[PDB]
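**Student:** Dropping in query-v2.txt, which is compact mmCIF, C-alpha atoms:
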```txt
# COMPACT_ATOMS: atom_id res chain seq x y z
CA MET Y 1 5.27 -14.70 -15.44
CA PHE Y 2 4.65 -11.09 -14.43
CA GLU Y 3 1.85 -9.84 -12.21
CA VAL Y 4 -1.40 -9.46 -14.13
CA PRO Y 5 -4.03 -6.80 -13.26
CA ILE Y 6 -7.02 -9.15 -13.10
CA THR Y 7 -9.74 -9.63 -10.49
CA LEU Y 8 -9.75 -13.34 -11.38
CA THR Y 9 -11.98 -15.33 -9.02
CA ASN Y 10 -12.42 -19.10 -9.00
CA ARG Y 11 -14.26 -21.15 -6.40
CA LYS Y 12 -11.35 -23.61 -6.28
CA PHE Y 13 -8.88 -20.96 -5.09
CA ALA Y 14 -11.68 -19.52 -2.92
CA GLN Y 15 -12.53 -22.76 -1.14
CA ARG Y 16 -8.88 -23.64 -0.56
CA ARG Y 17 -8.41 -20.30 1.16
CA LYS Y 18 -11.65 -21.01 2.99
CA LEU Y 19 -10.16 -24.42 3.87
CA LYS Y 20 -6.64 -23.35 4.92
CA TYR Y 21 -7.54 -20.33 7.06
CA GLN Y 22 -10.02 -22.57 8.88
CA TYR Y 23 -7.16 -24.99 9.66
CA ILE Y 24 -4.85 -22.19 10.81
CA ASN Y 25 -7.44 -21.08 13.37
CA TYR Y 26 -8.13 -24.41 15.11
CA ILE Y 27 -4.41 -25.14 15.38
CA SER Y 28 -3.71 -21.62 16.72
CA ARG Y 29 -6.63 -21.87 19.15
CA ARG Y 30 -5.05 -25.21 20.07
CA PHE Y 31 -1.77 -23.40 20.74
CA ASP Y 32 -3.69 -21.04 23.03
CA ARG Y 33 -4.82 -23.86 25.34
CA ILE Y 34 -1.37 -25.49 25.50
CA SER Y 35 0.76 -22.39 26.11
CA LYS Y 36 -1.33 -21.42 29.16
CA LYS Y 37 -1.24 -24.83 30.88
CA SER Y 38 2.50 -25.22 30.22
CA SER Y 121 -18.20 -16.44 10.84
CA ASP Y 122 -15.90 -16.63 7.82
CA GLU Y 123 -12.66 -18.27 9.19
CA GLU Y 124 -10.59 -15.67 7.29
CA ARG Y 125 -12.13 -12.45 8.62
CA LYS Y 126 -11.40 -14.01 12.03
CA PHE Y 127 -7.72 -14.69 11.27
CA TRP Y 128 -6.70 -11.19 10.19
CA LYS Y 129 -8.08 -9.56 13.36
CA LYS Y 130 -4.82 -10.64 15.03
CA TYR Y 131 -2.82 -8.55 12.60
CA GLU Y 132 -2.23 -4.99 11.45
CA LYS Y 133 -1.73 -4.52 7.70
CA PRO Y 134 1.15 -2.14 6.83
CA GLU Y 135 -0.56 0.02 4.15
CA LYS Y 136 2.57 2.21 3.67
CA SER Y 137 4.75 -0.76 2.71
CA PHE Y 138 4.40 -4.31 1.45
CA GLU Y 139 5.78 -5.54 4.78
CA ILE Y 140 5.37 -4.10 8.25
CA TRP Y 141 9.02 -3.31 8.93
CA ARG Y 142 9.61 -3.22 12.68
CA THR Y 143 12.91 -1.49 13.36
CA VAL Y 144 15.06 -3.00 16.07
CA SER Y 145 16.53 -0.09 18.08
CA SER Y 146 13.44 0.58 20.19
CA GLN Y 147 11.20 -0.99 22.86
CA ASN Y 148 10.52 -3.88 20.44
CA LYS Y 149 13.27 -6.02 21.99
CA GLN Y 150 12.26 -9.51 23.06
CA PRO Y 151 13.68 -12.44 25.05
CA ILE Y 152 14.55 -15.70 23.32
CA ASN Y 153 12.19 -18.59 23.94
CA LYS Y 154 14.67 -21.45 24.23
CA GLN Y 155 11.65 -23.81 24.33
CA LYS Y 156 12.38 -25.62 21.08
CA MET Y 157 9.90 -27.79 19.21
CA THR Y 158 10.49 -31.54 19.31
CA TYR Y 159 8.48 -34.31 17.67
CA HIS Y 160 6.37 -35.00 20.76
CA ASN Y 161 5.02 -31.46 20.89
CA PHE Y 162 4.47 -31.33 17.12
CA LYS Y 163 2.60 -34.67 17.03
CA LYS Y 164 -0.58 -34.03 19.05
CA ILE Y 165 -0.95 -30.28 18.50
CA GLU Y 166 -1.71 -31.15 14.87
CA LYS Y 167 -3.82 -34.31 15.23
CA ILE Y 168 -6.97 -32.95 16.91
CA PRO Y 169 -7.19 -29.91 14.55
CA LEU Y 170 -6.91 -32.40 11.67
CA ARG Y 171 -9.57 -34.61 13.28
CA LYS Y 172 -11.83 -31.55 13.71
CA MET Y 173 -11.42 -30.56 10.04
CA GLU Y 174 -12.87 -33.82 8.77
CA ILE Y 175 -16.47 -32.87 7.88
CA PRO Y 176 -16.00 -30.08 5.24
CA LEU Y 177 -13.13 -32.05 3.61
CA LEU Y 178 -15.68 -34.05 1.59
CA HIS Y 179 -17.64 -31.03 0.31
CA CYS Y 180 -14.39 -29.83 -1.32
CA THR Y 181 -13.03 -31.14 -4.61
CA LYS Y 182 -10.78 -34.15 -5.06
CA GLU Y 183 -7.75 -31.90 -5.58
CA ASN Y 184 -8.54 -29.52 -2.69
CA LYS Y 185 -8.30 -32.30 -0.11
CA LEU Y 186 -5.08 -33.37 -1.84
CA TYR Y 187 -3.93 -29.72 -1.83
CA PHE Y 188 -4.80 -29.52 1.86
CA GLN Y 189 -2.83 -32.53 3.09
CA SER Y 190 -0.03 -31.22 0.89
CA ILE Y 191 -0.19 -27.88 2.74
CA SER Y 192 -0.77 -29.71 5.99
CA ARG Y 193 2.91 -30.73 5.87
CA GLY Y 194 4.62 -27.84 4.06
CA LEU Y 195 4.81 -28.46 0.28
CA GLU Y 196 4.27 -25.00 -1.18
CA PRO Y 197 2.30 -25.28 -4.43
CA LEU Y 198 3.38 -24.89 -8.02
CA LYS Y 199 0.19 -24.14 -10.00
CA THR Y 200 -0.38 -20.38 -10.03
CA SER Y 201 -3.82 -18.80 -10.53
CA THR Y 202 -2.70 -17.02 -13.72
CA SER Y 203 -2.50 -20.33 -15.61
CA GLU Y 204 -5.76 -22.29 -15.65
CA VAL Y 205 -8.30 -19.49 -16.05
CA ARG Y 206 -9.18 -20.17 -19.78
CA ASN Y 207 -11.35 -17.06 -20.20
CA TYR Y 208 -10.08 -15.67 -23.61
CA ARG Y 209 -10.44 -12.17 -22.12
CA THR Y 210 -8.06 -12.64 -19.23
CA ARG Y 211 -6.03 -14.80 -21.60
CA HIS Y 212 -5.22 -11.80 -23.81
CA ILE Y 213 -4.55 -9.75 -20.68
CA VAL Y 214 -1.77 -12.12 -19.56
CA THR Y 215 -0.32 -12.08 -23.07
CA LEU Y 216 -0.30 -8.28 -23.24
CA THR Y 217 1.08 -7.70 -19.73
CA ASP Y 218 4.21 -9.77 -20.32
CA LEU Y 219 5.13 -8.15 -23.65
CA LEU Y 220 4.45 -4.80 -21.97
CA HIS Y 221 7.00 -5.52 -19.26
CA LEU Y 222 9.33 -7.10 -21.83
CA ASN Y 223 9.60 -4.18 -24.27
CA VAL Y 224 10.05 -1.64 -21.48
CA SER Y 225 12.79 -3.94 -20.19
CA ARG Y 226 14.14 -4.31 -23.74
CA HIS Y 227 14.39 -0.48 -24.05
CA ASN Y 228 11.78 -0.47 -26.85
CA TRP Y 229 9.39 2.44 -26.50
CA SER Y 230 7.27 2.83 -29.64
CA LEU Y 231 6.17 -0.80 -29.33
CA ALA Y 232 5.52 -0.69 -25.58
CA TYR Y 233 3.43 2.45 -26.11
CA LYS Y 234 1.31 0.44 -28.55
CA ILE Y 235 0.96 -2.50 -26.16
CA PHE Y 236 -0.02 -0.20 -23.31
CA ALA Y 237 -2.57 1.71 -25.34
CA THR Y 238 -4.20 -1.64 -26.17
CA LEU Y 239 -3.95 -3.09 -22.66
CA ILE Y 240 -5.84 -0.29 -20.87
CA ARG Y 241 -8.81 -0.56 -23.25
CA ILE Y 242 -9.64 -4.15 -22.25
CA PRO Y 243 -12.32 -4.18 -19.51
CA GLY Y 244 -11.01 -5.81 -16.35
CA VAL Y 245 -7.64 -4.11 -16.01
CA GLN Y 246 -6.50 -2.27 -12.88
CA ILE Y 247 -4.37 0.57 -11.46
CA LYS Y 248 -1.36 -1.80 -11.57
CA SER Y 249 -0.36 -1.43 -15.20
CA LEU Y 250 -1.57 2.17 -15.42
CA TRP Y 251 0.79 4.48 -13.58
CA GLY Y 252 3.88 2.38 -12.89
CA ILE Y 253 5.17 1.91 -16.43
CA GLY Y 254 4.09 5.39 -17.54
CA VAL Y 255 7.76 6.00 -18.30
CA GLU Y 256 6.61 5.29 -21.89
CA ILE Y 257 5.58 8.96 -22.11
CA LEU Y 258 8.44 10.08 -19.87
CA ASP Y 259 11.09 8.24 -21.87
CA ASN Y 260 9.55 8.99 -25.28
CA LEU Y 261 9.77 12.84 -25.36
CA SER Y 262 9.37 13.01 -29.16
CA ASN Y 263 5.65 13.59 -29.82
CA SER Y 264 4.89 13.31 -26.15
CA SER Y 265 2.04 14.17 -23.81
CA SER Y 266 4.90 14.86 -21.32
CA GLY Y 267 3.96 12.06 -18.91
CA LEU Y 268 3.02 14.48 -16.13
CA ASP Y 269 -0.49 15.01 -17.49
CA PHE Y 270 -1.11 11.32 -16.87
CA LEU Y 271 0.03 11.58 -13.26
CA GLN Y 272 -2.36 14.50 -12.97
CA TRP Y 273 -5.02 12.14 -14.32
CA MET Y 274 -4.12 9.67 -11.55
CA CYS Y 275 -4.25 12.01 -8.55
CA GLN Y 276 -7.52 13.61 -9.69
CA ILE Y 277 -9.74 10.53 -9.93
CA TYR Y 278 -8.23 7.91 -7.59
CA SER Y 279 -7.31 10.21 -4.70
CA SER Y 280 -9.73 9.49 -1.85
CA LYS Y 281 -9.39 10.34 1.85
CA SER Y 282 -11.27 7.32 3.18
CA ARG Y 283 -10.05 5.46 6.24
CA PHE Y 284 -8.36 2.10 5.68
CA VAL Y 285 -11.08 -0.17 7.02
CA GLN Y 286 -8.80 -3.26 7.20
CA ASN Y 287 -11.57 -5.75 8.10
CA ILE Y 288 -12.64 -6.53 4.54
CA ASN Y 289 -10.37 -9.00 2.75
CA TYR Y 290 -8.70 -7.10 -0.08
CA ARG Y 291 -8.39 -8.88 -3.43
CA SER Y 292 -7.00 -7.29 -6.63
CA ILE Y 293 -6.52 -3.86 -5.06
CA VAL Y 294 -3.56 -3.60 -2.72
CA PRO Y 295 -2.63 -0.53 -0.62
CA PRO Y 296 1.13 0.16 -0.78
CA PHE Y 297 1.47 1.03 -4.48
CA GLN Y 298 -1.91 1.90 -5.96
CA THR Y 299 -4.30 3.43 -3.38
CA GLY Y 300 -4.20 6.73 -1.54
CA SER Y 301 -6.12 6.62 1.78
CA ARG Y 302 -5.70 8.71 4.91
CA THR Y 303 -2.32 8.27 6.68
CA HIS Y 304 -0.97 6.91 3.35
CA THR Y 305 -0.19 9.42 0.64
CA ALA Y 306 -0.36 7.69 -2.71
CA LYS Y 307 2.79 6.54 -4.45
CA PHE Y 308 1.52 8.23 -7.61
CA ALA Y 309 0.60 11.42 -5.73
CA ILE Y 310 4.10 11.99 -4.36
CA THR Y 311 5.46 10.92 -7.76
CA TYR Y 312 3.54 13.82 -9.34
CA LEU Y 313 5.14 16.03 -6.69
CA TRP Y 314 8.80 15.22 -7.41
CA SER Y 315 8.54 14.83 -11.18
CA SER Y 316 6.77 18.20 -11.44
CA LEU Y 317 9.54 19.89 -9.46
CA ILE Y 318 12.42 18.34 -11.40
CA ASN Y 319 10.58 19.31 -14.60
CA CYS Y 320 9.93 22.70 -13.05
CA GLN Y 321 13.67 23.26 -12.74
CA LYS Y 322 14.42 21.90 -16.21
CA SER Y 323 12.49 24.63 -18.02
CA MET Y 324 15.33 26.98 -16.98
CA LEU Y 345 6.31 27.98 -12.94
CA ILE Y 346 7.67 27.28 -9.43
CA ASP Y 347 4.96 29.59 -8.11
CA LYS Y 348 2.39 27.49 -9.99
CA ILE Y 349 3.31 24.45 -7.90
CA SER Y 350 4.24 26.30 -4.67
CA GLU Y 351 0.65 27.51 -4.63
CA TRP Y 352 -0.49 24.03 -5.66
CA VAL Y 353 1.30 22.14 -2.87
CA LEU Y 354 -0.04 24.73 -0.39
CA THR Y 355 -3.66 23.72 -1.05
CA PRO Y 356 -3.60 20.13 0.40
CA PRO Y 357 -2.99 19.92 4.14
CA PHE Y 358 -1.39 16.46 4.11
CA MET Y 359 -1.08 16.80 7.88
CA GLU Y 360 0.28 13.30 8.55
CA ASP Y 361 3.22 12.56 6.26
CA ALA Y 362 6.59 14.28 6.33
CA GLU Y 363 7.76 13.68 2.76
CA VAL Y 364 5.37 16.25 1.32
CA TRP Y 365 6.70 18.85 3.77
CA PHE Y 366 10.26 18.42 2.53
CA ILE Y 367 9.23 19.01 -1.07
CA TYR Y 368 7.13 21.95 0.07
CA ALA Y 369 10.34 23.26 1.59
CA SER Y 370 12.22 22.26 -1.57
CA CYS Y 371 9.98 24.49 -3.72
CA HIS Y 372 11.21 27.58 -1.88
CA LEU Y 373 14.76 26.22 -1.81
CA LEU Y 374 14.75 26.36 -5.60
CA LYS Y 375 13.41 29.93 -5.43
CA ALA Y 376 16.14 31.02 -3.01
CA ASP Y 377 18.74 29.52 -5.35
CA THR Y 378 17.35 31.02 -8.57
CA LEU Y 379 16.39 34.47 -7.25
CA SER Y 380 19.69 34.91 -5.36
CA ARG Y 381 21.65 35.92 -8.48
CA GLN Y 382 20.44 39.53 -9.01
CA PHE Y 383 22.68 40.12 -12.10
CA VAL Y 384 23.89 43.54 -10.92
CA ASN Y 385 27.64 43.10 -11.44
CA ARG Y 397 17.87 46.81 -4.58
CA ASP Y 398 14.72 47.34 -2.51
CA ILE Y 399 12.26 44.44 -2.82
CA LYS Y 400 14.40 41.51 -4.04
CA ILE Y 401 16.43 41.40 -0.81
CA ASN Y 402 13.41 41.18 1.50
CA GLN Y 403 11.57 38.72 -0.76
CA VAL Y 404 14.28 36.05 -0.49
CA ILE Y 405 14.16 36.64 3.28
CA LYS Y 406 10.74 34.98 3.10
CA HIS Y 407 12.06 32.09 0.99
CA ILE Y 408 14.85 31.38 3.47
CA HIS Y 409 12.31 31.53 6.29
CA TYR Y 410 9.87 29.25 4.45
CA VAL Y 411 12.56 26.60 3.94
CA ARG Y 412 13.48 26.82 7.62
CA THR Y 413 9.94 26.48 8.98
CA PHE Y 414 8.78 23.84 6.49
CA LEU Y 415 11.86 21.73 7.22
CA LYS Y 416 11.06 21.85 10.94
CA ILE Y 417 7.53 20.56 10.38
CA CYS Y 418 9.14 17.81 8.30
CA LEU Y 419 10.99 16.92 11.51
CA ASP Y 420 7.80 17.47 13.55
CA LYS Y 421 5.93 14.68 11.74
CA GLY Y 422 6.91 11.00 11.63
CA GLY Y 423 9.97 9.21 10.31
CA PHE Y 424 11.58 10.89 7.30
CA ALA Y 425 15.13 12.06 7.94
CA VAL Y 426 16.63 14.89 5.90
CA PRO Y 427 20.22 16.16 5.65
CA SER Y 428 19.35 19.28 7.63
CA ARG Y 429 23.03 19.80 8.43
CA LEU Y 430 23.80 20.02 4.70
CA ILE Y 431 20.76 22.18 3.89
CA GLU Y 432 21.91 24.84 6.33
CA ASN Y 433 25.23 24.68 4.53
CA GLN Y 434 23.20 25.19 1.34
CA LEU Y 435 21.08 27.97 2.87
CA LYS Y 436 24.01 29.90 4.35
CA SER Y 437 25.66 29.81 0.92
CA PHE Y 438 22.44 31.42 -0.31
CA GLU Y 439 22.92 34.05 2.42
CA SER Y 440 26.45 34.85 1.20
CA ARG Y 441 24.88 36.59 -1.80
CA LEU Y 442 22.17 38.12 0.40
CA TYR Y 443 24.38 39.89 3.02
CA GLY U 59 -3.40 32.82 11.94
CA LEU U 60 -6.05 33.56 14.54
CA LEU U 61 -7.68 30.14 14.38
CA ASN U 62 -4.63 28.05 15.24
CA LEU U 63 -3.68 30.72 17.79
CA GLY U 64 -7.16 30.38 19.29
CA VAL U 65 -7.40 26.61 19.69
CA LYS U 66 -4.65 26.72 22.34
CA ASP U 67 -6.54 29.14 24.59
CA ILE U 68 -9.39 26.66 25.12
CA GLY U 69 -6.90 23.84 25.39
CA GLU U 70 -7.96 20.73 27.29
CA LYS U 71 -11.23 19.04 28.28
CA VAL U 72 -10.64 16.33 30.88
CA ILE U 73 -12.78 13.67 32.56
CA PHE U 74 -12.16 10.43 34.44
CA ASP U 75 -13.88 7.15 35.25
CA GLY U 76 -16.42 5.94 37.72
CA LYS U 77 -14.69 2.59 37.57
CA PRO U 78 -11.91 1.57 39.97
CA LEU U 79 -8.76 -0.39 39.24
CA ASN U 80 -9.19 -2.32 42.51
CA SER U 81 -5.62 -1.37 43.42
CA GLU U 82 -3.85 -1.61 46.78
CA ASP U 83 -6.59 -1.01 49.37
CA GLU U 84 -5.28 2.37 50.51
CA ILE U 85 -5.99 6.07 50.32
CA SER U 86 -4.41 5.72 46.87
CA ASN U 87 -7.43 3.52 46.15
CA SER U 88 -9.60 6.50 47.10
CA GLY U 89 -7.18 8.91 45.38
CA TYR U 90 -7.68 7.12 42.05
CA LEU U 91 -10.42 8.31 39.69
CA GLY U 92 -9.53 6.08 36.75
CA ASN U 93 -7.97 7.08 33.45
CA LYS U 94 -8.23 10.47 31.83
CA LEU U 95 -9.07 11.93 28.46
CA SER U 96 -7.40 15.23 27.72
CA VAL U 97 -9.16 15.67 24.38
CA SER U 98 -7.79 18.78 22.67
CA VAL U 99 -7.59 20.42 19.25
CA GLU U 100 -4.19 21.67 18.13
CA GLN U 101 -4.89 22.59 14.50
CA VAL U 102 -7.80 23.85 12.41
CA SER U 103 -7.46 24.41 8.66
CA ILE U 104 -9.87 25.89 6.13
CA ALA U 105 -9.82 24.23 2.72
CA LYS U 106 -10.41 26.15 -0.48
CA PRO U 107 -13.74 24.95 -1.94
CA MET U 108 -13.63 21.81 -4.08
CA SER U 109 -16.21 19.30 -5.24
CA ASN U 110 -16.63 15.63 -4.35
CA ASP U 111 -18.31 12.95 -6.45
```
As C-alpha cells, please, write out the structure in this file.

**Tutor:**
Amino acid sequence: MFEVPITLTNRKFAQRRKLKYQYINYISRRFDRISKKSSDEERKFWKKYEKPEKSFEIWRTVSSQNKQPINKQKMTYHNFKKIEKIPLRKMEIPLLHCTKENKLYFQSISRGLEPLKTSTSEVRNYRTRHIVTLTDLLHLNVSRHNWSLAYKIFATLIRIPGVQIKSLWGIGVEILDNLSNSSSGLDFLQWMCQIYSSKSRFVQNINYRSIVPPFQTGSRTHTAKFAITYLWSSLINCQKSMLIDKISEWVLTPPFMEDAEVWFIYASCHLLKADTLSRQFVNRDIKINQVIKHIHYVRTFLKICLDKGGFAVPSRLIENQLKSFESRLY
Amino acid sequence: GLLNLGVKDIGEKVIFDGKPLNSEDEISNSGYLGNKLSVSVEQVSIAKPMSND
C-alpha cells in the first residue's frame, strides 16, 4: 500500500513508458499542425516542461500576470476523431515488438482507462519482497503509536541493500518520540545534512527514477527538507534546555543566498537571545549594549528575509515583540 | 565588509549586439544597437575552509 523505497526496474514498465510517451508526442505534434491552420521519445517530451523541485506540483498563483483568456473552442467528436487516427496509424510498427499485454495496455490508455496493477505487486524478487513487507509495518506502527516495535522495524529496514532516503529521515520521529534511551533524534538529522547535502545544479534533462527532488534531495535553489528540519528542531531543542551561540555561529557559516526561510531562523536565533538576555535579574555596562546588537541583528536579518523570494513573516507582530524587548532595555 | 562595499564601485559591464531587430525603417532603426547585458556582481562571500569528497 505505502510507497516503497525501491529502484525497481522492469522492461515491461519501461517499454510501456517508452510506448506511451511516443504516442503523446505524435498526437501533440499533430495538435501543432492543426492549431496553426485553424532520440528517446521521453527526453523529448519533458523539454516542454519545468519541474518544480521545491514542491511536488508547480503551484502557479493566480494574482499576477499569469491571467489567461478562455478558449471557448470546445472539443466535439469531429475534432477528436481524426486528430487521434493518424497518430494511431503511425504507431503501428513498434506495437508488435511489445508484449501481448503492452499493446492491450496501450489501447486501454489510448481511450482513458487508468490502470490498476501497480509496480509494487508483481516484482517477485524476495529482496524487494521483504522491503514491501517491512515498509508497511513501519508506517503502521508509527501510525499505531507503537515506538519500540517501529524502532526495531526501522533498524532492520535500513540494513537491506536497495533502500533509499525515503524511509530514512521522514519517520525519524522514532528517536524524537522515544526519549527514553534515546540518541536524541537530532544526531540523525546531522547525519543527513552532512553526507547528502550537495550544491549541484538541478540538471532536469535526465529522467529521474527512485530519487525525487521535493522531499529528499538538496540541490542549489532548493534547500533540503531535512536541512531546514535540522534548523528548526535544533532551535526548539535549544530553547528547551532552559547553546544558542553554538547554532548562531553554525547558521552563520552557510551562505544560503537564495532561500528566505533560513534567514528568518537566523533572525530567530538572535530573537531568542534578546528575550533571554533581557531579564538582567537586578531587582550595567556591557549587557545593555550587547542586546543592542541582538535587536539590530533581528532587524537586519528579517529585512533580508523580505529581500529574498516568497516567504512572508508577521513582521508587524515581531516589532511588537521587539519593542516589548526594548521596554526592559530603556 | 570591504569586499561587498567594493563590488559596487566597479558596478556594470555593458555591451550590445551587432544584430538588428529590423524594426521600423527609421532613425530609431539606426538608434538601435540590440539588447544589452549589464553583467554585475553584487555580493562576494568567503567560506571558511571545508573539504569535499

**Student:** Skip residue 211 in chain Y itself and residues of its chain fewer than 5 positions away, then list as an MDAnalysis selection string all residues within 12 Å of it, counting all atoms listed in the file.

**Tutor:** chainID Y and resid 4:6 8 201:206 216:218 239 242 244

**Student:** Residues of chain Y that approach chain U to 10 Å or less, counting only C-alpha atoms: could you list each one with the shortest pair of atoms and its distance in Å to one decimal, rows by chain and increasing residue number, as JSON lines?

**Tutor:**
```
{"residue": "Y:277", "atom": "CA", "partner": "U:111", "partner_atom": "CA", "distance": 9.6}
{"residue": "Y:280", "atom": "CA", "partner": "U:110", "partner_atom": "CA", "distance": 9.6}
{"residue": "Y:355", "atom": "CA", "partner": "U:106", "partner_atom": "CA", "distance": 7.2}
{"residue": "Y:356", "atom": "CA", "partner": "U:105", "partner_atom": "CA", "distance": 7.8}
{"residue": "Y:357", "atom": "CA", "partner": "U:103", "partner_atom": "CA", "distance": 7.8}
{"residue": "Y:359", "atom": "CA", "partner": "U:101", "partner_atom": "CA", "distance": 9.6}
```

**Student:** Can you pull out every residue within 10 Å of residue 70 in chain U, counting only C-alpha atoms, but drop anything in the same chain fewer than 4 positions away, and send it as a list in words?

**Tutor:**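 That gives residues 65, 66, 95, 96, 97, 98, 99 and 100 of chain U.
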
**Student:** One number please: CA of residue 196 in chain Y to CA of residue 295 in chain Y, in Å, one decimal.

**Tutor:**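 Between CA of residue 196 in chain Y and CA of residue 295 in chain Y the gap works out to 25.4 Å.
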
**Student:** Report, in Å with one decimal, the straight-line distance from CA of residue 414 in chain Y to CA of residue 323 in chain Y.

**Tutor:**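 Result for CA of residue 414 in chain Y versus CA of residue 323 in chain Y: 24.8 Å, one decimal.
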
**Student:** One number please: CA of residue 28 in chain Y to CA of residue 172 in chain Y, in Å, one decimal.

**Tutor:**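 Interatomic distance here is 13.2 Å.
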